Amino acid sequence: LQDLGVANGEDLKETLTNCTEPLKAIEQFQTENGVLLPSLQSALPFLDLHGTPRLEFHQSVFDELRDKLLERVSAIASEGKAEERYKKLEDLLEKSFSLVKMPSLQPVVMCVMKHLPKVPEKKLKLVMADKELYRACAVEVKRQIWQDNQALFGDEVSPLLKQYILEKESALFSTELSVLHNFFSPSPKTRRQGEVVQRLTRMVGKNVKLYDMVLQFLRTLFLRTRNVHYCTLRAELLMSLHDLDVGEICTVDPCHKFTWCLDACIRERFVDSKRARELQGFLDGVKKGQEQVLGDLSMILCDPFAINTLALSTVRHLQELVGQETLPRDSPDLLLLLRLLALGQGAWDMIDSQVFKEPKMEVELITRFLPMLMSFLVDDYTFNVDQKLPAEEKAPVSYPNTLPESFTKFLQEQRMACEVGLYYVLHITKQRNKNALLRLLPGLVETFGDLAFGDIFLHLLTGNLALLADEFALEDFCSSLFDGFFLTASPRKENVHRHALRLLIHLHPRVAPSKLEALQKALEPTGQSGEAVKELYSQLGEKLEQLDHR
Amino acid sequence: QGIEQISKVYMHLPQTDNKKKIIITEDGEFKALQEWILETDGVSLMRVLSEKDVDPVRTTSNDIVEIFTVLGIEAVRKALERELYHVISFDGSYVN
Amino acid sequence: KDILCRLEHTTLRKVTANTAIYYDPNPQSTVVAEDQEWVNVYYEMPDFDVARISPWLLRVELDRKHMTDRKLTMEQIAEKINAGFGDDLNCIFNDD
Amino acid sequence: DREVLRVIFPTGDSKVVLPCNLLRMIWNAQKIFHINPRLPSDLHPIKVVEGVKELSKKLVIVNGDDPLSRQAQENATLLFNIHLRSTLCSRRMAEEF
Amino acid sequence: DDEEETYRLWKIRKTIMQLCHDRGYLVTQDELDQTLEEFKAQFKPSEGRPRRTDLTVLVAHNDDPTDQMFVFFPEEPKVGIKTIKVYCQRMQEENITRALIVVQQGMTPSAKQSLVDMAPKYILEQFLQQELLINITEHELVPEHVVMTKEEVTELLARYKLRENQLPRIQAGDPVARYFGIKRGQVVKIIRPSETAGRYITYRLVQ
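Conventions we followed
- Residues numbered from 1 in each chain as written, not as in the entry; some residues may be left out.
- Chains lettered and ligands numbered in written order.
- Part of a larger assembly, values for the part shown.
- Heavy atoms only, no water.
- Helix = DSSP H or I, 4+ residues; strand = E, 2+ residues; numbered from the N terminus.
- Buried < 20%, exposed > 50% of the residue type's maximum accessible area, 1.4 Å probe, protein only.
- Contact = heavy atoms within 4.5 Å.
- Areas by Shrake-Rupley, 256 points an atom, 1.4 Å probe, with all protein chains shown as cover.
- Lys, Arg positive; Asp, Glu negative; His and termini not counted.
- Charge placed at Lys NZ, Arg CZ, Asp CG, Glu CD.
- Pairing = 2+ DSSP bridges.
- Axes fitted to C-alpha atoms, helices over the stretch in contact; angles between N-to-C directions.
- Buried area = accessible area lost by both parts, 1.4 Å probe.
- Salt bridge = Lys/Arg side-chain N within 4 Å of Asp/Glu carboxyl O.
- Core = buried A, V, L, I, M, F, W, Y, C linked by side-chain atoms within 4.5 Å.
- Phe/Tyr/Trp six-rings, centres within 6.5 Å; stacked < 30°, edge-to-face > 60°.
- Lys NZ or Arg CZ within 6 Å of the ring centre and 35° of its normal.
- Polar contact = N/O pair within 3.5 Å; in protein donor to acceptor, adjacent residues only side chain to side chain.
- Nonpolar A, V, L, I, M, F, W, Y, C, P; charged D, E, K, R; others polar.
- Patch = residues over 30% accessible without salt bridge, like charges linked within 9 Å, V, L, I, M, F, W, Y side chains within 5 Å.
- Parallel < 35°, antiparallel > 145°, perpendicular 65-115°, else oblique.
- Expected span 1.5 Å × (residues − 1).

For this deposition, the record names cryo-EM as the technique by which the model was determined and cites 2.7 Å as its resolution.

Colleague: Break down the overall build of chain D for me, with residues and values.
Modeller: Secondary structure assignment for chain D yields 6 helices and 0 strands. Listing each helix as α and each strand as β along chain D from the N terminus yields α-α-α-α-α-α. The C-alpha extent of chain D, read off along each of the three principal axes, is 45 × 35 × 20 Å. A buried classification covers 22% of the 97 residues belonging to chain D. Intrachain contacts of chain D at a sequence separation of at least 6 include 70% that bridge at least 24 residues. For chain D, the accessible surface area stands at approximately 7300 Å², while carbon and sulfur atoms represent 59% of it. Distance between charge centres in chain D, computed from 14 positive and 11 negative side chains, equals 6 Å.

Colleague: Any details on the sheet that holds strand 1 (residues 25-26) of chain E? Residues and values, ideally.
Modeller: Residue and element names in this part refer to chain E. Pairing in this open sheet of 5 strands is mixed, and the strands run 1-2-3-5-7 from one edge to the other. Of all strands in the sheet, those bounded by a partner on one side alone are strand 1 and strand 7 (123-128). In this structure, strand 1 lies alongside strand 2 (residues 57-61), joined through 2 bridges in antiparallel fashion. Paired with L26 across the bridge in strand 2 is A60. Together, strand 3 (68-72), strand 5 (98-103) and strand 7 form the strand contacts of helix 5 (residues 81-94), whose direction differs from that of strand 3 by roughly 155 degrees.

Colleague: So what's going on with the sheet that holds strand 10 (residues 187-194) of chain E? Which residues, and what values?
Modeller: Taken in spatial order, the 4 strands make up an open sheet running 8-10-11-9 (chain E), and their pairing is mixed. Every other strand in the sheet has two partners, leaving strand 8 (144-147) and strand 9 (169-170) of chain E as the edge strands with one partner each. Where strand 9 of chain E lies against strand 11 (residues 198-206) of chain E, 2 bridges are found, and the strand directions are parallel. By the bridge assignment, E:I170 is partnered in strand 11 of chain E with E:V206. Along the sheet, helix 3 (residues 73-89) of chain B contacts strand 8, strand 9, strand 10 and strand 11 of chain E; its crossing angle with strand 10 of chain E, the most-contacted strand, is approximately 25 degrees.

Colleague: Please provide a residue-by-residue account of the interface of chain E and chain B, values included.
Modeller: The partner chain B presents 25 residues to the 24 residues of chain E that form the contact. Of the roughly 2000 Å² buried between chain E and chain B, counting both surfaces, carbon and sulfur atoms make up 58%. The largest per-residue losses of area from chain E upon contact with chain B belong to E:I134, E:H139 and E:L141, which jointly make up 30% of the total buried on that side. In this structure, the connection of chain E to chain B is made through 3 salt bridges. One salt bridge in this structure joins B:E74 and E:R204, with 3.0 Å as the shortest N-O distance.

Colleague: Could you give an account of the nonpolar core, naming the residues involved and the relevant values?
Modeller: With 151 residues, the main nonpolar core has A:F153, A:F369, A:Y424, A:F472, A:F482 and A:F485 as its most contacted residues. With 10 residues, helix 19 (residues 304-324) of chain A is the largest single contributor of residues to this core. Excluding anything up to four places from it in sequence, A:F369 contacts A:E364, A:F407, A:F410, A:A417 and A:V420. Formed by 52 residues, the second largest nonpolar core is a distinct cluster that contains E:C20, E:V27, E:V57 and E:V142.

Colleague: Can you explain the pattern of salt bridges? Please cite residues and give values.
Modeller: Inspection of every chain in the model, using the stated rule, returns 41 salt bridges over all chains. B:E51 is the partner of C:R6 in a salt bridge, and the nearest nitrogen-oxygen pair spans 3.2 Å. You can see C:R6 sitting in helix 1 (residues 2-7) and its partner B:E51 sitting in the loop between helix 1 (45-49) and helix 2 (64-70), one on each of two chains. Between D:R85 and D:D1 there is a salt bridge whose closest N-O contact spans 2.8 Å. Residue D:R85 is located in helix 5 (residues 78-87), and its partner D:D1 is located in the segment before helix 1 (2-8); the two are separated by 84 residues in the primary sequence. Residues joined by salt bridges that share partners form a network here, namely A:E364, A:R368, A:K409 and A:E413.

Colleague: Mind laying out the packing of aromatic side chains, listing which residues take part and the relevant values?
Modeller: Any aromatic ring pair is given by two values, namely how distant the centres are and how the planes are angled relative to each other. This structure, assessed with the given rule, holds 20 aromatic pairs over all chains. Taken together, a centroid distance of 4.5 Å and an interplanar angle of 25 degrees make the contact between A:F453 and A:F485 stacked. Of this pair, A:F453 sits in the loop between helix 25 (434-440) and helix 26 (455-464) while A:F485 is found in helix 27 (residues 475-489), placing the two residues 32 residues apart along the sequence. Relative to C:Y42, the ring of C:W38 lies with its centre 6.0 Å away and its plane at 90 degrees, an arrangement referred to as edge-to-face. A residue is classified by how much of its surface remains accessible, and C:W38, at 22% relative accessible area, is partly exposed. Given the relative accessible area of 16%, C:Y42 is considered buried. Through pairs of rings, three or more aromatic residues link up here, namely A:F453, A:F472, A:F477, A:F482, A:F485 and A:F486. Against the face of A:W348 rests A:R226, its NZ or CZ located 5.5 Å from the ring centre. In this arrangement the basic side chain of E:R159 is found over the ring face of E:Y160, its NZ or CZ atom lying 4.8 Å from the centre.

Colleague: Lay out the interface of chain E and chain D in plain terms, naming residues and giving numbers.
Modeller: The extent of an interface is frequently quoted as the accessible surface area lost upon association of the parts. In this complex, chain E contributes 13 residues to the contact, which on the side of chain D involves 14 residues. A combined buried area of about 1000 Å² lies between chain E and chain D, and 58% of that area is made up of carbon and sulfur atoms. Sorting the residues of chain E by area buried against chain D places E:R159, E:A197 and E:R199 first, and these three jointly supply 46% of that buried surface. The interface formed by chain E and chain D holds 0 salt bridges in total. Where chain E touches chain D, the interface holds 3 residue pairs in polar contact. Counting residues per element, the ones that place at least two in the side of chain E that touches chain D are helix 7 (150-159), strand 10 and strand 11 of chain E. In terms of residues, the side of chain E that touches chain D owes the most to one element, strand 11 of chain E, which gives 4 residues. Taken together, the residues of the side of chain E that touches chain D break down into 6 nonpolar, 3 polar and 4 charged.

Colleague: Let's hear about a nonpolar patch on the surface: which residues, and what values?
Modeller: Residues and elements named next belong to chain B. On the surface, a cluster of nonpolar side chains totalling about 700 Å² of accessible area is made up of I64, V65, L80, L84, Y85, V87, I88 and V95. Of all the secondary structure elements, the ones that give two or more residues to the nonpolar patch are helix 2 and helix 3. No other element matches helix 3, which puts 5 residues into the nonpolar patch. For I64, the location among the structural elements is in helix 2.

Colleague: Kindly report on a positive patch on the surface, identifying the contributing residues and their values.
Modeller: Together, A:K274, A:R277, E:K40, E:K44 and E:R51 make up a region of like positive charge exposed at the surface. By the element assignment, E:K40 lies in helix 3 (residues 36-42). Since its relative accessible area comes to 43%, E:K40 is described here as partly exposed.

Colleague: So what about the packing of helix 4 (residues 54-78) of chain A against helix 6 (residues 106-115) of chain A? Which residues, and what values?
Modeller: Any two packed helices are characterised by how steeply their axes cross, that is the angle between the axes, and by the distance between the axes. Residue and element names in this part refer to chain A. Put simply, helix 4 and helix 6 touch, their axes get as near as 9 Å, and they point 5 degrees apart. For the element pair helix 4 / helix 6, the angle class is roughly parallel. Residues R66, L69, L70, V73, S74 and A77 of helix 4 lie in contact with helix 6, whose contacting residues are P107, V108, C111, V112 and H115. Here the contact of helix 4 with helix 6 is composed, by residue class, of 8 nonpolar, 2 polar and 1 charged.

Colleague: Mind laying out the arrangement of the chains, listing which residues take part and the relevant values?
Modeller: Of all 5 pairs of chains sharing an interface, the pair with the highest contact count is chains B and E. At no point do chain A and chain B touch; the closest pair of C-alpha atoms across them sits 29 Å apart. With respect to C-alpha atoms, chain A approaches chain D no nearer than 30 Å, and the pair has no contact.

Colleague: If you had to explain the environment of A:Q319 to someone new, which residues and values would you point to?
Modeller: Along the chain, A:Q319 turns up in helix 19. In this structure A:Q319 comes out as buried when scored by relative accessible area, which is 5%. Residues A:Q319 and A:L370, spaced 51 residues apart in sequence, show a C-alpha to C-alpha distance of 9.9 Å. For A:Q319, the residues in contact, after removing those within four places along its chain, are A:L377, A:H427 and E:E93.

Colleague: Can you lay out helix 10 (residues 151-172) of chain A for me, pointing to particular residues and giving the numbers?
Modeller: Taking 1.5 Å per residue, 22 residues should reach 32 Å; helix 10 of chain A reaches 32 Å between its end C-alpha atoms and fits that length. Looking at helix 10 of chain A, one finds that the buried residues are A:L152, A:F153, A:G154, A:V157, A:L160, A:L161, A:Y164, A:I165, A:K168 and A:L172.

Colleague: Before we move on, can you summarise helix 28 (residues 494-506) of chain A with the specific residues and values?
Modeller: All names here are of chain A. Here helix 28 is 13 residues long and its end C-alpha atoms lie 18 Å apart, about the 18 Å a rise of 1.5 Å per residue gives. When you tally the buried positions in helix 28, you get 11 out of 13 residues, the bulk of the element. When we look at burial in helix 28, the residues that qualify are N495, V496, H497, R498, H499, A500, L501, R502, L503, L504 and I505. Elements in contact with the buried residues of helix 28: helix 10, helix 26, helix 27, helix 29 (513-522) and helix 30 (531-548).

See the structure below:
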């Protein structure tokens, strides 16, 4: 009250303390702190006679008049000539910030700061410093501190990004297998509905500096973690800015159109000719001098759902080349798919060091890998047809389960060949071509960069493995993937051991008794994984006791 | 222009409430709106139903075999019932 | 009424007043003096007449009344005829 | 029930053929027992509700207890049950009858 | 013409999504409420993009996800044998067993034999483009048709002490029968309003 020349409670007690006439002093204080209209000084005794104190009609008019004051704050933001209206709001700010400490004039001032593009930053500094103001402050106040200094932005995006990785890790490690659904079913717009990235969009609003801030912080963590989660969150933040139709980012960002195209690509999980032509022309707009966004552009492509999209697209192109009677050299869209996937996988390397070039594809990879895959499918369908014909021959034509060693060499040395082979295995697992499944599974003992042990592919292979549930009773079907493949890199990374343990946790009732017993004692925590394997092994032991009752 | 097997089309507002567009207003009361209808000679029900800006629900025919071919057996059941109810009740007589 | 015209079957004979098969061997010329003006308007640019067009001519008159009533214009009849017969018939029409 | 009638009778024709003339039976009940409509009645509304419920239980067109027979019973006597509940509602029973 | 063609294809799209919804196949609400301009934005087609291959769509069953359905759009006027073979090879590739194909204005009689003869291993149904321009099920005359599972048919025949041949019949070539894709032996429960009982439920055998 003293900030604008009015008394407080301590001054009241001074006015009472050491006074020969305290009652008249109290009446004088009441007169000095009343509502100053001439009709009230007579009506106050009269309304007091009713059993209604003066404070009660004060409370009613208090609610009414602050409602109108907030209404007029919004009005002067939207009403009056510009210099006069901003002068009025800034003057009212100077009047009102003395009572932001009081419980009345906080949100009024927060609206006033919401409607001014810039402020003297002392009050923004107090807003961040005080937790109550840090909560109740309007969105654009927080934007102004972030736009003036990055400290609070980092301080608040760090827990939100920690929570995003918590969600990613928890969802990727979850132990449900079904023909009904998997965890990759939601589209990127389905995943944007979570409040993390939407609130990040609110924190950024329509500001480009905060966009650069989130870009750099995701860049830093993507450079330290080697994990596609921050890439996905940039894509989600950009398309959530587009969900609000944020023109400040969408029209200026050269990446916005291309990510919008990729959104439809991921929604259908394929790059069809329309959006393929769109993305290909977008790539062909890359020319020397203005390639600076190639890092961000490929960094968008890293999303797990985008890897799913591109890899299943390549498998589909491989499979449709079979029926077309065409060599893989005559597949422009397939080359586009591989170009985009190679760019995206090389995105992180571009973040460490900007290397602008359209990569060239490996010779044996077009001329020797894909024709072998087409030959595998041709043999599969020849065997199927020979089965379906009436009386082909005794013991009809055995489908080659053989491994031409070039296929395994490309599964283990040529990254893009590795990933497309992984998703080839996944797709035949959906179609349950068992002979093809055990044709292409062996040779995965050696892999480039353990991409065959990544969380994405391992999750999806676990998701497909409930289709052939009874085969886990047979030791070989599980051993080909567990004793042959997982244990080659189970003790190397936590995700592999966790993936195997969740797969056995879900499908414990159907695995054979000694088989699951040996699997637990072999997939016991080996010493390269923390509380995750501890809780999964506790569940493994409890369900192994349950299996001992089976 | 036009669909074959349609030699004439008479346009009119029905003053009888049976063919009027009866709706239930927000108060819950029945209101019979006066709206234009077209009655033709010659029937091609699939084509006219496929037309644009045509009510595909209330549009019907007096030819029961057209109804059976285009809609089905329950539809032609209902249509036949309405048609012979109409030809009976035209003269004012009533039957159960 | 627009929808009524859209679905009621209209053939060419409904909108034609009469026709006449002239000869007119030189397509630049016309036997009818009134024809020659707008025929020359369509003949400063050659339209499939650089080679010898057939030296017969089929000239039809379309009733203004029925054309206005059915909301028909000059060009779309020619489009329909060309669709029906391809480019087997070269069709020209007077400006409205 | 009103919504069910609305979808069944989109034309709003209230005339319909049904077995028992409820209004005439109510009139006969009035004039057999010498009902004085000028005085308050001694009939509980709850008794009216339970009476119409147990009556509708007693009116059987298809008998049985499996879901199919019960659904057919409901559908066969749907319209008459609607008419009975509307006519013998406790409101009109306590006001006009 | 381009405008009427895009309107026609949007209307047909609305129709076969409503059809797939009625057959128990999972379709989201937005495609069921896909506006015409939404069809314009998602894909004018005058050889711009009437790629009828692109309008083809896959759908999955609500309770049987491995049970799925393709719908195809052949861009030739009368469907030939070889494009049918292309569709069955696609079906083999994706393991689908049900796939109804629309046709522009007709279907070759050779294809009429080539769809029925291979029917028992792969289910295919031919729809004229004119038929799917409207959804007949929304008409005022058709009552509500629902297919019965064999458990329900056994319960029905046990209730009334009936045999299947004693029920009234419905031809497999009926428009609503083809709409629901019901083979011979199925039973359809028809729910219709009645002016004497309010509601009436009858049962028709597909023969």
